[PDB]
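Student: Here it is, the structure in full.
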Amino acid sequence: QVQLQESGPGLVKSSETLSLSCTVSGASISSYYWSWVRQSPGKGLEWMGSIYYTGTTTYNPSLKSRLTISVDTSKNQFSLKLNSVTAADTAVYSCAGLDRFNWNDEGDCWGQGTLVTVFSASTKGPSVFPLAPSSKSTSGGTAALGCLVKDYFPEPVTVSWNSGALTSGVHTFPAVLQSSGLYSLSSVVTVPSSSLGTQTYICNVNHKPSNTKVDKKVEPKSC
Amino acid sequence: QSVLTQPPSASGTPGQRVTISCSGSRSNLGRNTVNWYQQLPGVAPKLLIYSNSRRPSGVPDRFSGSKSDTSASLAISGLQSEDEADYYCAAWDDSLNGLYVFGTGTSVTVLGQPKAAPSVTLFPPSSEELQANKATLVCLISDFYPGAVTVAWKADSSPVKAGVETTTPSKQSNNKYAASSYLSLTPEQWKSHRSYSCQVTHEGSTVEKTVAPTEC
Ligand SMILES: [Cl-]
Ligand SMILES: [Cl-]
Ligand SMILES: [Cl-]
Ligand SMILES: [Cl-]
Ligand SMILES: [Cl-]
Ligand SMILES: [Cl-]
Ligand SMILES: [Cl-]
Ligand SMILES: [Cl-]
């Protein structure tokens with residue numbers, strides 16, 4: 001029932017910083033040793049630092065010079081600010097609560113991991129186009145429809161369907177890296193054919209680096 | 001960071017037992033408990049073992065941890081395809097104000113998985129994209145194994161190499177691979193050919209899907 005909710009702008013280029021926050025629900029702000037870690041496929045997992053509710057911190061020695069972890073007990077949140085960032089700081093960043101200072105050790109609580117890309121090239125938002133229902137390749141009684149998410153930078157984008165109410169049969173494919181250096185991906189969902197033209201289908205595309213959200217309605221092709 | 005040493009890789013066939021080792025020192029594993037995490041791409045690590053051998057809720061009992069001297073061991077019995085991941089030990093280290101140290105990680109491969117054929121879905125360009133004076137053909141390939149495909153595109157029956165972008169196959173949640181290929185065209189090219197085809201080859205078999213401009 002303990003929840004760790006990630007938020008924050010991520011990369012801020014005008015100050016070359018990376019800022020993330022984590023809000024704790026279902027537990028006291030004194031319940032865990034609040035920590036930040038990051039991970040990258042080739043570099044492995046790295047502990048960045050931890051903070052107690054009192055405000056005392058401990059840092060990975062190789063980050064101490066440019067990392068500050070803070071806690072706001074009033075808002076039940078803790079935060080990370082990494083300064084003078086470069087592309088080497090691209091990683092999946094995760095907040096967690098560790099058990100180092102609890103007598104009753106019941107396991108750590110882990111937030112969500114968020115890919116944050118640090119980049120110096122210009123940000124590019126996506127253009128989203130509907131992929132109208134096609135029955136040719138699906139099982140009897142179903143059809144595949146989707147959304148094409150074109151020419152964005154950097155990763156990631158997230159795609160949900162009908163604001164999260166539709167999850168069954170959703171497959172969001174990995175993005176392609178174009179020769180241009182931009183990304184495109186496609187998200188397809190398989191739905192009942194009998195539902196087409198009465199059930200509305202909308203893909204919700206979010207590209208946080210560009211602050212762009214598109215809700216694209218996907219309709220059957222006609223006329 | 002100090003050093004927790006782990007073998008780079010481990011592997012087995014389905015049903016086997018695979019053990020992953022973690023080698024530390026007196027000041028970390030010698031005086032501290034060990035945790036084990038499972039790491040899949042793009043998400044937070046998942047806690048498998050804490051306090052040397054205790055499993056959080058929802059972790060199957062076929063994951064078991066033990067601890068000895070300055071080392072620790074994770075045992076995965078009943079090895080399944082979904083166990084393919086990176087596994088990291090971790091422990092506090094009594095240095096400075098205290099450091100949390102992750103191991104170097106072990107990649108687990110499940111061997112002997114049977115081959116699986118691809119499903120191919122080919123989408124023509126949307127009408128709205130055409131109205132924006134672009135055209136993209138979308139060839140989506142899923143459910144195949146092992147993770148290798150060849151994708152070739154045709155205009156009518158002639159090969160097309162320009163404007164093609166294809167991903168490297170990667171494993172999806174269903175433990176099979178997916179890939180996608182994109183063909184960029186001007187609207188005039190799309191409208192002026194009889195059809196375009198996406199041709200997927202895998203393990204000596206070929207699937208070809210074909211689309212054509214709509215005429216009302
Ligand atoms: Cl410190
Ligand atoms: Cl850089
Ligand atoms: Cl547009
Ligand atoms: Cl990753
Ligand atoms: Cl051991
Ligand atoms: Cl095949
Ligand atoms: Cl097929
Ligand atoms: Cl198809």
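Going by the structure tokens order, chains are called A, B, ..., each with residues numbered from 1, while ligands are numbered from 1 in the order shown.
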Give me the residues within 12 Å of residue B:171 as a PDB file with C-alpha atoms, in the first residue's frame, counting only C-alpha atoms and dropping any in the same chain fewer than 3 places off.

Tutor:
ATOM      1  CA  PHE A 173       6.724  -1.604 -30.338  1.00  0.00           C
ATOM      2  CA  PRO A 174      10.272  -0.396 -29.646  1.00  0.00           C
TER       3      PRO A 174
ATOM      4  CA  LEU B  40      14.567  -5.823 -16.933  1.00  0.00           C
ATOM      5  CA  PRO B  41      15.059  -3.097 -19.567  1.00  0.00           C
ATOM      6  CA  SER B  81      11.822 -18.059 -20.074  1.00  0.00           C
ATOM      7  CA  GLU B  82      10.631 -14.977 -18.170  1.00  0.00           C
ATOM      8  CA  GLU B  84      15.859 -13.885 -18.595  1.00  0.00           C
ATOM      9  CA  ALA B  85      17.174 -10.683 -17.006  1.00  0.00           C
ATOM     10  CA  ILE B 141       6.650  -8.116 -36.831  1.00  0.00           C
ATOM     11  CA  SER B 142       6.043  -9.965 -33.575  1.00  0.00           C
ATOM     12  CA  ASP B 143       6.059 -13.310 -31.763  1.00  0.00           C
ATOM     13  CA  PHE B 144       9.120 -14.804 -33.482  1.00  0.00           C
ATOM     14  CA  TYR B 145      12.133 -16.665 -32.076  1.00  0.00           C
ATOM     15  CA  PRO B 146      15.190 -16.559 -32.268  1.00  0.00           C
ATOM     16  CA  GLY B 147      15.744 -12.807 -32.507  1.00  0.00           C
ATOM     17  CA  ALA B 148      16.785 -12.465 -36.155  1.00  0.00           C
ATOM     18  CA  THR B 168      17.045  -4.712 -34.239  1.00  0.00           C
ATOM     19  CA  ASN B 174       5.732 -12.657 -24.085  1.00  0.00           C
ATOM     20  CA  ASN B 175       9.361 -13.897 -24.241  1.00  0.00           C
ATOM     21  CA  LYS B 176       9.396 -13.651 -28.053  1.00  0.00           C
ATOM     22  CA  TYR B 177      10.907 -10.984 -30.276  1.00  0.00           C
ATOM     23  CA  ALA B 178       9.412  -8.039 -32.132  1.00  0.00           C
ATOM     24  CA  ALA B 179      10.766  -5.744 -34.825  1.00  0.00           C
TER      25      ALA B 179
END

Student: Got a sec to check which residues lie within 8 Å of ligand 5, using only C-alpha atoms and all ligand atoms, and send them as a list in words?

Tutor: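 Written in the requested form, the residues are residues 21, 22, 66, 67, 68, 69, 70, 71, 72 and 73 of chain B.
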
Student: Output the selection as a PDB file, in the first residue's frame - N, CA and C atoms for each residue.

Tutor:
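Result file is result_8.pdb:
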ATOM      1  N   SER B  21      26.412 -16.069  -8.181  1.00  0.00           N
ATOM      2  CA  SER B  21      27.241 -15.802  -7.019  1.00  0.00           C
ATOM      3  C   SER B  21      27.569 -14.319  -6.914  1.00  0.00           C
ATOM      4  N   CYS B  22      27.883 -13.915  -5.688  1.00  0.00           N
ATOM      5  CA  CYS B  22      28.193 -12.536  -5.337  1.00  0.00           C
ATOM      6  C   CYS B  22      29.364 -12.581  -4.367  1.00  0.00           C
ATOM      7  N   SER B  66      21.088 -17.475  -0.224  1.00  0.00           N
ATOM      8  CA  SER B  66      21.898 -17.905   0.904  1.00  0.00           C
ATOM      9  C   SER B  66      23.137 -17.023   0.991  1.00  0.00           C
ATOM     10  N   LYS B  67      23.834 -17.131   2.115  1.00  0.00           N
ATOM     11  CA  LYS B  67      24.921 -16.221   2.437  1.00  0.00           C
ATOM     12  C   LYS B  67      25.994 -16.998   3.177  1.00  0.00           C
ATOM     13  N   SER B  68      27.256 -16.732   2.847  1.00  0.00           N
ATOM     14  CA  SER B  68      28.353 -17.463   3.469  1.00  0.00           C
ATOM     15  C   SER B  68      29.619 -16.623   3.453  1.00  0.00           C
ATOM     16  N   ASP B  69      30.187 -16.380   4.636  1.00  0.00           N
ATOM     17  CA  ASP B  69      31.480 -15.714   4.758  1.00  0.00           C
ATOM     18  C   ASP B  69      31.424 -14.296   4.195  1.00  0.00           C
ATOM     19  N   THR B  70      32.069 -14.058   3.049  1.00  0.00           N
ATOM     20  CA  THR B  70      32.013 -12.765   2.371  1.00  0.00           C
ATOM     21  C   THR B  70      31.362 -12.884   0.996  1.00  0.00           C
ATOM     22  N   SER B  71      30.511 -13.890   0.819  1.00  0.00           N
ATOM     23  CA  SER B  71      29.854 -14.185  -0.444  1.00  0.00           C
ATOM     24  C   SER B  71      28.371 -14.428  -0.199  1.00  0.00           C
ATOM     25  N   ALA B  72      27.614 -14.442  -1.293  1.00  0.00           N
ATOM     26  CA  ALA B  72      26.187 -14.728  -1.256  1.00  0.00           C
ATOM     27  C   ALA B  72      25.803 -15.391  -2.568  1.00  0.00           C
ATOM     28  N   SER B  73      24.645 -16.049  -2.568  1.00  0.00           N
ATOM     29  CA  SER B  73      24.232 -16.838  -3.719  1.00  0.00           C
ATOM     30  C   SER B  73      22.726 -16.755  -3.905  1.00  0.00           C
TER      31      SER B  73
END

Student: Let me make sure I understand: among A:23, A:102, A:62, A:56, which one has the smallest atom-to-atom distance to residue A:79 if we use only C-alpha atoms?

Tutor: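 Between A:23, A:102, A:62, A:56, the residue approaching residue A:79 most closely is A:23.
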
Student: Choose the residue, out of B:92, B:38, B:1, B:78, that has the smallest atom-to-atom separation from residue A:98; count only C-alpha atoms.

Tutor: B:92

Student: For residue A:29, find every residue with an atom within 12 Å (counting only C-alpha atoms), except residues of its own chain fewer than 3 positions away, and show them as an NGL selection string.

Tutor: :A and (2-4 or 22-26 or 32-34 or 51-55 or 71-78 or 97)

Student: Neighbouring residues of residue A:106 were defined as those with any atom within 9 Å, considering only C-alpha atoms; residues of the same chain fewer than 3 positions away were excluded. Please report them as a compact mmCIF listing (two decimals) with C-alpha atoms, in the first residue's frame.

Tutor:
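The new file out_25.txt reads:
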# COMPACT_ATOMS: atom_id res chain seq x y z
CA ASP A 99 15.56 -0.33 5.33
CA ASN A 102 14.56 0.24 10.66
CA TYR B 50 16.15 -9.10 1.15
CA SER B 51 17.85 -9.85 4.46
CA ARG B 54 13.58 -13.39 2.69
CA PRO B 56 8.85 -9.99 -0.59

Student: What do you get as number ranges by chain if you pick all residues at most 10 Å from ligand 4, counting only C-alpha atoms and all ligand atoms?

Tutor: A: 38-45, 91-93, 113-115; B: 39-45

Student: Can you tell me which residues surround stretch 104-112 of chain B at a distance of at most 10 Å, considering only C-alpha atoms, apart from same-chain residues fewer than 2 positions away, and format the answer as JSON, numbers by chain?

Tutor: {"A": [43, 44, 45, 46], "B": [3, 4, 5, 6, 7, 8, 9, 10, 11, 12, 13, 14, 15, 16, 18, 19, 20, 21, 22, 37, 38, 39, 79, 80, 81, 82, 83, 84, 85, 86, 87, 88, 89, 90, 101, 102, 114, 115]}

Student: Using only C-alpha atoms, please write the residues we just selected to a file, as a compact mmCIF listing (two decimals), in the first residue's frame.

Tutor:
# COMPACT_ATOMS: atom_id res chain seq x y z
CA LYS A 43 26.94 0.56 -17.01
CA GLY A 44 24.83 -1.49 -14.58
CA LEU A 45 23.04 -0.26 -11.48
CA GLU A 46 24.47 2.60 -9.41
CA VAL B 3 33.27 -4.05 -5.41
CA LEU B 4 30.70 -6.84 -5.27
CA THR B 5 31.87 -9.45 -7.69
CA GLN B 6 29.44 -11.40 -9.85
CA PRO B 7 29.96 -13.60 -12.96
CA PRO B 8 28.88 -11.79 -16.12
CA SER B 9 26.51 -14.52 -17.30
CA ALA B 10 24.64 -17.67 -16.31
CA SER B 11 22.37 -19.95 -18.30
CA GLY B 12 20.26 -23.10 -18.27
CA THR B 13 17.50 -24.96 -20.04
CA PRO B 14 13.85 -24.69 -18.95
CA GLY B 15 13.28 -26.42 -15.63
CA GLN B 16 16.93 -26.35 -14.55
CA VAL B 18 20.73 -21.73 -11.99
CA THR B 19 22.86 -20.21 -9.23
CA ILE B 20 24.37 -16.72 -9.31
CA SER B 21 27.24 -15.80 -7.02
CA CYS B 22 28.19 -12.54 -5.34
CA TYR B 37 17.29 -7.56 -7.56
CA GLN B 38 15.97 -8.53 -10.98
CA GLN B 39 16.57 -5.92 -13.69
CA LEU B 79 14.11 -21.83 -14.66
CA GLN B 80 11.55 -20.22 -16.97
CA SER B 81 11.82 -18.06 -20.07
CA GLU B 82 10.63 -14.98 -18.17
CA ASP B 83 13.64 -15.31 -15.84
CA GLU B 84 15.86 -13.88 -18.60
CA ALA B 85 17.17 -10.68 -17.01
CA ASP B 86 20.11 -9.11 -15.18
CA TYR B 87 20.46 -10.06 -11.52
CA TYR B 88 22.25 -7.79 -9.06
CA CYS B 89 23.25 -8.39 -5.48
CA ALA B 90 23.58 -5.34 -3.25
CA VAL B 101 26.87 -1.09 -3.32
CA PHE B 102 25.33 -2.94 -6.25
CA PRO B 114 11.90 -23.58 -29.67
CA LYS B 115 11.71 -21.44 -32.75

Student: As a PyMOL selection string, please: the residues near residue B:130 (cut-off 9 Å, only C-alpha atoms, same-chain neighbours under 5 positions excluded).

Tutor: chain B and resi 125+135-136+186-187

Student: Could the residues in this selection be written to a file with N, CA, C and O atoms, as a PDB file, in the first residue's frame?

Tutor:
ATOM      1  N   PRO B 125      -0.142   4.167 -45.504  1.00  0.00           N
ATOM      2  CA  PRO B 125      -0.157   5.516 -44.930  1.00  0.00           C
ATOM      3  C   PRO B 125      -1.576   5.967 -44.631  1.00  0.00           C
ATOM      4  O   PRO B 125      -2.514   5.650 -45.365  1.00  0.00           O
ATOM      5  N   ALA B 135       4.334  10.087 -46.546  1.00  0.00           N
ATOM      6  CA  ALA B 135       3.706   8.769 -46.535  1.00  0.00           C
ATOM      7  C   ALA B 135       4.633   7.753 -45.883  1.00  0.00           C
ATOM      8  O   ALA B 135       5.797   7.643 -46.264  1.00  0.00           O
ATOM      9  N   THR B 136       4.114   7.017 -44.905  1.00  0.00           N
ATOM     10  CA  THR B 136       4.877   6.003 -44.190  1.00  0.00           C
ATOM     11  C   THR B 136       4.134   4.676 -44.233  1.00  0.00           C
ATOM     12  O   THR B 136       2.960   4.601 -43.858  1.00  0.00           O
ATOM     13  N   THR B 186       7.155   9.643 -50.797  1.00  0.00           N
ATOM     14  CA  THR B 186       6.309  10.773 -51.142  1.00  0.00           C
ATOM     15  C   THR B 186       4.897  10.261 -51.417  1.00  0.00           C
ATOM     16  O   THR B 186       4.715   9.095 -51.784  1.00  0.00           O
ATOM     17  N   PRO B 187       3.880  11.101 -51.222  1.00  0.00           N
ATOM     18  CA  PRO B 187       2.522  10.679 -51.595  1.00  0.00           C
ATOM     19  C   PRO B 187       2.395  10.282 -53.056  1.00  0.00           C
ATOM     20  O   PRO B 187       1.615   9.378 -53.384  1.00  0.00           O
TER      21      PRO B 187
END

Student: Would you please extract all strand (DSSP E) residues from stretch 3-223 of chain A, as assigned by DSSP on the backbone, and give them as a ChimeraX atom specification?

Tutor: /A:3-12,17-25,33-40,44-51,57-59,67-72,77-82,91-98,109-116,127-134,142-152,158-161,170-172,176-177,183-192,201-207,212-218

Student: Nearest to residue A:60 among B:181, B:25, B:97, B:189, with distances taken over only C-alpha atoms: which residue is it?

Tutor: B:97

Student: Just the number, please: distance in Å from atom CA of residue A:202 to atom CA of residue A:160, one decimal.

Tutor: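 Atom CA of residue A:160 lies at a distance of 8.5 Å from atom CA of residue A:202.
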